[PDB]
Amino acid sequence: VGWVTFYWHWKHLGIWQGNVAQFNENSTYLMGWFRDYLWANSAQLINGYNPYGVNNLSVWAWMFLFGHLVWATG
Amino acid sequence: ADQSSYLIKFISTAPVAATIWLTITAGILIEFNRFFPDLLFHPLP
Amino acid sequence: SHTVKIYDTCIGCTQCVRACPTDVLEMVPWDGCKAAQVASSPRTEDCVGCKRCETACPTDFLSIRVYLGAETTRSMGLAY
Amino acid sequence: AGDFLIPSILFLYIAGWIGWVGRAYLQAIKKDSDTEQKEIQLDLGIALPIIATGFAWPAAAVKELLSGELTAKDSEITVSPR
Amino acid sequence: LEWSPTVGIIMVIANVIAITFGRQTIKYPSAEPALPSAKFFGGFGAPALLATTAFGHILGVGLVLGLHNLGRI
Amino acid sequence: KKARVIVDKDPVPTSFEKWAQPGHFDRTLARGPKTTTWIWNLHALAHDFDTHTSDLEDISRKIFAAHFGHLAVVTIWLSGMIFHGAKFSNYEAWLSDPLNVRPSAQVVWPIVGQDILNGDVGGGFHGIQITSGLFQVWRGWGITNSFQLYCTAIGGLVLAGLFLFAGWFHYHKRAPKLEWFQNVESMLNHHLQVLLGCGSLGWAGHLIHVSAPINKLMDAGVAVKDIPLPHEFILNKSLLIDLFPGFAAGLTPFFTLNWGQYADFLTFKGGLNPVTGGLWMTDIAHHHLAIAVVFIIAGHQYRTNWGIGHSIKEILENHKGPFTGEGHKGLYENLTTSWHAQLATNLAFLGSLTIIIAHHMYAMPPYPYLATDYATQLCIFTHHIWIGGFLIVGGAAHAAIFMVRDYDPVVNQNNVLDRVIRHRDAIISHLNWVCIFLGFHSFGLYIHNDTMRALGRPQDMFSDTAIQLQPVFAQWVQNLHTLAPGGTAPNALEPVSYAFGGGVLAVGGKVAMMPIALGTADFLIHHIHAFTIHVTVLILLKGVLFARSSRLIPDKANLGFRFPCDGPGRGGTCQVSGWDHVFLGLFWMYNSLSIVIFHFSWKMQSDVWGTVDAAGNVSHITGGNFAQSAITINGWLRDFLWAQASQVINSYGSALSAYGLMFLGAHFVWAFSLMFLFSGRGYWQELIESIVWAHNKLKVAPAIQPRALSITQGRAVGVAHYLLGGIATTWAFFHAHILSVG
Amino acid sequence: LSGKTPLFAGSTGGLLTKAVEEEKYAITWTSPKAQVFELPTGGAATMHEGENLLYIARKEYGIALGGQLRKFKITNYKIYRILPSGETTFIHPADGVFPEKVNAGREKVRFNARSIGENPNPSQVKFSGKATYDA
Ligand code: CLA
Ligand code: CLA
Ligand SMILES: CCCCCCCCCCCCCCCC(=O)OC[C@H](COP(=O)(O)OC[C@@H](O)CO)OC(=O)CCCCCCCCCCCCCCC
Ligand SMILES: CC1=C(C/C=C(\C)CCC[C@H](C)CCC[C@H](C)CCCC(C)C)C(=O)c2ccccc2C1=O
Ligand code: SF4
Ligand code: SF4
Ligand code: SF4
């Protein structure tokens with residue numbers, strides 16, 4: 001389900017911006033998934049709180065780290 | 001040449017025979033792709 | 001306690017009784033094998049459940065089985 | 001045809017070569033009085049004529065199939081309780 | 001530090017102190033190759049003798065370099 | 001008893017007969033395989049010489065021959081590295097321009113597209129940039145051309161073949177007896193004198209005559225071709241006296257103790273060379289002279305054939321006291337009758353020493369033009385810290401193997417080993433408490449900081465602009481080190497390192513070393529380190545103290561060192577063995593050392609490394625963000641892992657693309673470990689049953705029957721892939737970031 | 001019970017609060033000489049020449065200890081269960097003969113007069129007190 005929702009999300013996130021070419025050109029190899037989907041889209045998430053301030057994505061940043069902690073406690 | 005019998009039994013053992021055979025196979029593929037590279041598909045007439 | 005059963009495929013080689021670390025097992029007289037002895041488990045209240053008896057058993061698909069059950073102080077192996 | 005059909009035929013021929021030679025070697029060594037020792041130490045005098053013979057694995061496989069020698073019976077090989 | 005016979009006599013004094021301690025408190029001072037005298041030596045082996053004089057050189061070099069560093073010698 | 005040479009002549013005949021017999025060494029493996037478990041047991045038991053034979057003399061002969069084989073392969077490795085520096089290298093182009101040519105060996109052959117890895121590394125050369133620092137080592141050796149490297153590599157090949165012949169010789173022709181090995185006083189005297197002191201004295205001779213004149217002419221900036229060959233410093237003495245005027249007096253001030261004449265080339269300068277950023281070669285020569293004299297003196301402590309000296313047994317028996325019973329009576333018999341006890345001590349202390357070497361070589365960079373090469377500085381630090389951690393876990397493993405196999409209660413009776421056994425519950429429960437305390441007050445402070453920063457409350461954080469945790473003791477120690485020249489160390493000019501204080505030393509516009517200021521983030525991360533080491537020590541010490549018995553399983557030493565469990569009873573007794581504690585401790589060693597090398601990388605890029613302005617302003621690589629971002633987990637996520645992995649994932653279609661490939665392949669191997677870690681073998685054996693059915697159907701079932709891996713092997717494969725994947729991930733990440741920003 | 005407690009300086013591995021509250025065990029043996037053995041709780045102790053008496057937390061401790069008393073050729077070891085009422089029962093060996101040897105007067109307990117593939121299905125015994133292994 002992680003594969004199917006990563007796929008759904010990255011394809012639609014291309015459509016929602018007018019850039020299907022990013023998915024169509026970069027999903028044939030795994031670094032495109034890694035870079036253009038995991039690295040590129042997590043940028044604004046982990047800036048939900050930072051040394052300069054806080055915006056409305058700080059719950060989701062805190063939850064993101066929380067989920068890493070619960071997963072690794074497993 | 002009784003020691004050579006033991007040597008050919010050592011070559012016949014599974015890791016040594018595997019590394020000789022796979023070295024030959026990797027050498028065939030590497031020397032084929034030195035001379036005829038970039039074959040994504042078989043070209044048709 | 002746990003439950004330790006013995007089936008009639010026993011050949012009486014005494015190895016489960018030697019394997020037991022808590023004296024659950026013993027050898028009783030019999031006429032069902034050449035060795036003329038079975039295993040028997042009278043002290044199953046002392047069974048920790050460690051299944052050394054099943055490891056020691058040589059008959060193909062064991063003549064002794066441990067069925068794990070209600071846990072007590074002895075079966076949990078607690079020294080406190 | 002060169003995109004997938006030609007490499008398909010080429011792979012299936014080489015893979016049937018490898019598999020048929022391995023099957024022939026395991027069947028040839030199961031009668032020679034210590035089978036397990038000959039699996040880690042290869043009989044070259046048995047294996048090398050088999051790897052030379054393996055060019056005609058499709059004809060050998062079809063003759064193995066029609067004569068009922070390709071498969072063992074379901075009553076001859078082990079299973080677990082249902 | 002230019003060499004003077006004060007440096008020689010402090011090296012000899014450190015050798016005498018070290019052979020004194022080597023006579024007083026070595027557990028096995030009589031090894032196999034013994035000295036020819038063994039009466040002016042107190043009863044030694046040659047390895048115990050040159051052990052004592054090597055340690056006297058340790059002490060003497062340390063002494064003369066320390067006293068040169070102070071300003072005495 | 002005296003130390004002498006007694007040798008059996010021709011113990012074992014040289015023949016290829018047993019090479020045709022796999023597993024000839026074990027009596028249970030010599031019967032041949034029935035299952036595939038046999039094949040893995042052949043490799044698990046290949047070097048377990050206690051299972052080979054029960055006789056300590058043949059065990060010792062096997063160990064002594066296998067050491068020569070290992071020395072042969074290490075000398076082949078070293079002569080290979082020197083040969084690549086001779087032939088496939090830009091070393092001569094690097095000598096002329098050490099600040100702008102990147103060091104490279106390993107040209108890649110042009111096949112399937114892989115010649116993109118031949119980057120423009122400068123000097124008119126294409127290849128892979130190297131980070132092992134061999135260029136700096138050959139530079140500090142004074143090597144000026146390729147032919148000297150060819151001579152060194154040929155001599156290394158000769159020396160490797162000579163070791164390999166010595167290993168053949170001392171197992172088949174002339175093999176020593178048992179009492180030859182048990183002359184530990186003789187061996188300590190010879191190692192401390194010849195192997196350490198005479199070696200360091202001969203190296204001081206090389207440094208005085210070859211390395212220091214050639215490197216002094218390099219620092220003057222003459223040429224690579226105008227600097228003469230180093231035998232013209234011995235034959236023509238005027239070339240020394242032009243450089244080092246202390247040679248005009250000759251050897252007469254050495255024997256007349258006028259040692260201040262030699263102060264030209266035996267300095268105590270303290271800091272770094274401002275041209276290279278390395279240590280002064282006269283300091284290094286003087287170091288090796290002092291160290292050599294101390295080692296030669298130290299190797300006379302121990303009694304041998306001539307009465308004078310010490311019995312180590314008599315030293316150990318006198319060090320008892322009122323708390324510790326008999327003291328160290330019996331520890332001599334442990335270390336002279338058990339090779340595992342020796343391997344435990346040497347492995348633990350050699351790993352601790354390599355971690356010390358890693359901390360010393362970043363802060364006091366020895367080699368010329370090493371400190372400005374930030375890639376080499378990162379890589380050799382992290383490399384030797386990993387070697388340290390692995391060797392320490394090995395020392396714990398062999399301590400536990402001693403405790404299972406070679407421990408004798410009759411030898412160890414009311415001594416310090418017997419007394420630590422008899423209060424092992426107190427030791428382990430207090431260490432449990434310590435580990436929980438350190439976890440709460442190291443990591444919970446980061447969780448506090450995360451939550452306070454996310455809740456919009458940065459005035460409540462533990463930081464430098466909020467509630468402060470200053471490292472007052474480490475700041476005090478660094479103050480004492482800054483003030484040591486002229487004060488407590490009067491004959492030093494500059495401090496030992498610039499990491500404590502003394503100012504920025506710039507070489508080629510980049511920082512060689514500058515003061516490393518310590519604050520709240522540094523307080524927090526040093527307690528992370530204390531926590532993760534103490535937990536690793538808890539796991540390994542628990543496995544060594546409970547290797548023979550616990551409250552749960554009394555006869556644990558009957559079950560061995562390496563066993564999976566003792567069944568699902570007693571609640572379940574999985575992973576009670578000492579081996580399983582080594583297993584669990586490898587992960588915590590990994591955890592600890594990953595945080596150590598991450599601390600290092602981000603503290604250096606944030607607060608040390610960087611470019612120096614012509615005015616004198618230091619502009620760091622990550623711009624001083626360690627102080628406010630290393631105090632949360634979100635900061636370490638974003639500003640360290642997310643921000644610095646920009647260069648390994650953008651690396652395709654360039655010279656660093658193999659680093660991105662290794663990055664993804666290492667994540668693969670890491671994730672692939674978890675199949676082995678999270679599962680057990682009943683599943684895998686039952687799946688193999690249906691696959692063996694499909695082979696029995698087509699008459700392709702092998703007589704060597706397929707088995708799933710043993711419980712111990714499944715754990716071993718899981719930890720080997722977990723470590724391999726995680727370390728290769730950090731390797732590719734570090735390489736691709738530091739070859740781009742530094 | 002009769003016997004001298006073996007000579008050692010104590011350990012943290014010994015008897016805890018379970019001994020005074022529910023159960024305590026003891027092993028006695030006679031030794032021909034004084035010699036060093038290994039305690040089940042960890043550590044070296046010396047057994048006395050003559051009878052001995054060492055208290056232990058669990059029965060398994062005494063069976064491990066009596067297993068290593070076979071290696072000193074001491075085979076008269078007896079194990080006692082001790083309750084906080086002072087009630088001492090003799091448990092091992094319980095018959096007087098070690099259980100490896102067949103002695104008469106021993107009855108079968110938990111014997112099933114069938115092989116193990118002849119147990120009933122769990123659905124055949126469902127919603128009753130019996131298990132598939134019970135007879
Ligand atoms: C003699 C070689 C041989 C042959 C003919 C087969 C045949 C088969 N295997 Mg297979 N297998 C083998 C070796 C072999 N196996 C080995 C060594 C292993 C352990 C790695 C397995 C593990 C394995 C699994 C786990 C599964 C099969 C399955 C199958 C079936 C479907 C084809 C397939 O999935 O292949 C896949 C097989 C592999 C990927 C294994 C690699 C094959 C090796 C590299 C080649 C062996 C050649 C041999 C060593 C050379 C000896 C020659 C002699 C001259 C010395 C088919 C009956 C599947 C099945 O049951 O489906 C119904 C299945 O799930 N195999
Ligand atoms: C992220 C993953 C993770 C975490 C959190 C832990 C946590 C822990 N492991 Mg560990 N472990 C892990 C992965 C992890 N492990 C893995 C992957 C392995 C496999 C090899 C192991 C193997 C292992 C062993 C073998 C050992 C441990 C030990 C420990 C403990 C360390 C000492 C301690 O108490 O620290 C303090 C606890 C923490 C720092 C955890 C976080 C606590 C938070 C910050 C505070 C609580 C927040 C809040 C107040 C809660 C309120 C909740 C709300 C409902 C009100 C701790 C409980 C050791 C142990 O037990 O020693 C005592 C030990 O021996 N673990
Ligand atoms: C493994 C690492 C141990 C470190 C753990 C730290 C806290 C644990 C303390 C637990 C109490 C243990 C009870 C001891 C056992 C006991 O019986 O104590 C008594 C013991 C002395 O015993 P005896 O006098 O019988 O000893 C005589 C013979 O045993 C031979 O010495 O004293 C200690 O060693 C206390 C000192 C330990 C204090 C550790 C000091 C560490 C020094 C660090 C130097 C580092 C470099 C510093 C540079 C600035
Ligand atoms: C996946 C997995 C397996 C399955 C893995 C097995 C059975 C071993 C892996 C198969 C080996 C690698 C096959 C080797 C076969 C031949 C040597 C291949 C020869 C091919 C030639 C070309 C060399 C376990 O057995 C296991 C056991 C205990 C805990 C966890 C696990 C676990 O997670
Ligand atoms: S499970 Fe253990 S205690 Fe129970 S009978 Fe078997 S071996 Fe004995
Ligand atoms: S159950 Fe097994 S070990 Fe026990 S008596 Fe029967 S065959 Fe022997
Ligand atoms: S789950 Fe596995 S390791 Fe654990 S007790 Fe059971 S068989 Fe043993």
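Keeping their order, the protein sequence lines are chains R, L, S, G, B, F and D.
Residues 1 to 74 in this note's numbering are what the first sequence spells out, letter by letter.
Residues 1 to 45 in this note's numbering are what the second sequence spells out, letter by letter.
Residues 1 to 80 in this note's numbering are what the third sequence spells out, letter by letter.
Residues 1 to 82 in this note's numbering are what the fourth sequence spells out, letter by letter.
Residues 1 to 73 in this note's numbering are what the fifth sequence spells out, letter by letter.
Residues 1 to 742 in this note's numbering are what the sixth sequence spells out, letter by letter.
Residues 1 to 135 in this note's numbering are what the seventh sequence spells out, letter by letter.
For every residue, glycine included, the Cβ atom is placed at its ideal position computed from N, Cα and C.
C-beta contact flag for residue i and residue j at 8 Å
i, j, result
"F:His319", "F:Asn415", "no"
"L:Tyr6", "F:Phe265", "no"
"F:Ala703", "G:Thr35", "yes"
"F:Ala557", "F:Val404", "yes"
"F:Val511", "F:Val608", "yes"
"D:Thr41", "D:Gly14", "yes"
"B:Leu49", "B:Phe41", "yes"
"G:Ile50", "G:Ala24", "yes"
6 Å Cβ shell around residue i - same chain, five flanking residues per side excluded
i, result
"F:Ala348", "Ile392 and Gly395"
"F:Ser463", "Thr520 and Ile631"
"F:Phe247", "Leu240 and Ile241"
Nearest to residue i (by Cα), restricted to the options the options
i, options, result
"F:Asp406", "F:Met361, F:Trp386 and F:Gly560", "F:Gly560"
"F:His384", "F:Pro253, F:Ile727, F:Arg61 and F:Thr712", "F:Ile727"
"F:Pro515", "F:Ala557, F:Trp642 and F:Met364", "F:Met364"
"F:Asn696", "G:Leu10, G:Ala15 and G:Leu26", "G:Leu26"
"F:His286", "F:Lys269, F:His300, F:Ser54 and F:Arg638", "F:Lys269"
"F:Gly714", "F:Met662, F:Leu188 and F:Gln685", "F:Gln685"
"L:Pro15", "F:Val507, F:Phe25 and F:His43", "F:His43"
"S:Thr9", "S:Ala35, S:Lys51 and S:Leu78", "S:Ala35"
"R:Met31", "F:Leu192, F:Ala344 and F:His667", "F:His667"
"F:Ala86", "F:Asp242, F:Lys173, F:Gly502 and F:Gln148", "F:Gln148"
Close Cβ partners of residue i (< 7 Å) along its chain, the five nearest in sequence each way excluded
i, result
"F:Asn305", "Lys2 and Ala3"
"residue 743 of chain F", "Outside the shown range of chain F, which is 1 to 742, sits residue 743 of chain F, and nothing can be said about it."
"D:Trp29", "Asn52, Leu69, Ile74, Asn76 and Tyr77"
"F:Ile633", "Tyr446 and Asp450"
Close beta carbons around residue i, own chain, < 8 Å, minus the five adjacent residues each side
i, result
"F:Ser550", "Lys556 and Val576"
*Mind listing which residues have their beta carbon within less than 5 Å of any non-hydrogen atom of ligand 3? Chain order is fine.*
Qualifying residues, in the order they occur: F:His319, F:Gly321, F:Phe323, F:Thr324 and F:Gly327.
*For ligand 7, which residues have a Cβ under 5 Å from at least one heavy atom, in chain order?*
Going down the chain, each residue whose beta-carbon is closer than 5 Å to a heavy atom of ligand 7 shows up: F:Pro564, F:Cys565, F:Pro568 and F:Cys574.
_Short-range partners of chain D found in the region 59-72 of chain S, where Cβ spacing is below 8 Å_ = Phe61, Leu62, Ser63, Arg65 and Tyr67
*Around ligand 2, Cβ to any heavy atom closer than 6 Å, ordered along the chain*: R:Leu69, R:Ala72, R:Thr73, F:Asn432, F:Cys435, F:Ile436, F:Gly439, F:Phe440, F:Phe443, F:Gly444, F:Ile447, F:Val535, F:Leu538, F:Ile539, F:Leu584 and F:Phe587
*Along the region 69-92 of chain D, what residues have a CB closer than 9 Å to any CB found in chain S?*
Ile79, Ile91 and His92
_Please output, in chain order, the residues near ligand 4 using a CB cut-off of less than 5 Å to any non-hydrogen atom of the ligand._
Cβ atoms closer than 5 Å to ligand 4 belong to L:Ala18, F:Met675, F:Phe676, F:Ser679, F:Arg681, F:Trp684, F:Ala708, F:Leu709 and F:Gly714.
*When you check each C-beta in the region 9-30 of chain L against every C-beta of chain G, which residues fall closer than 8 Å?*
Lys9, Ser12, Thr13, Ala14 and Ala17
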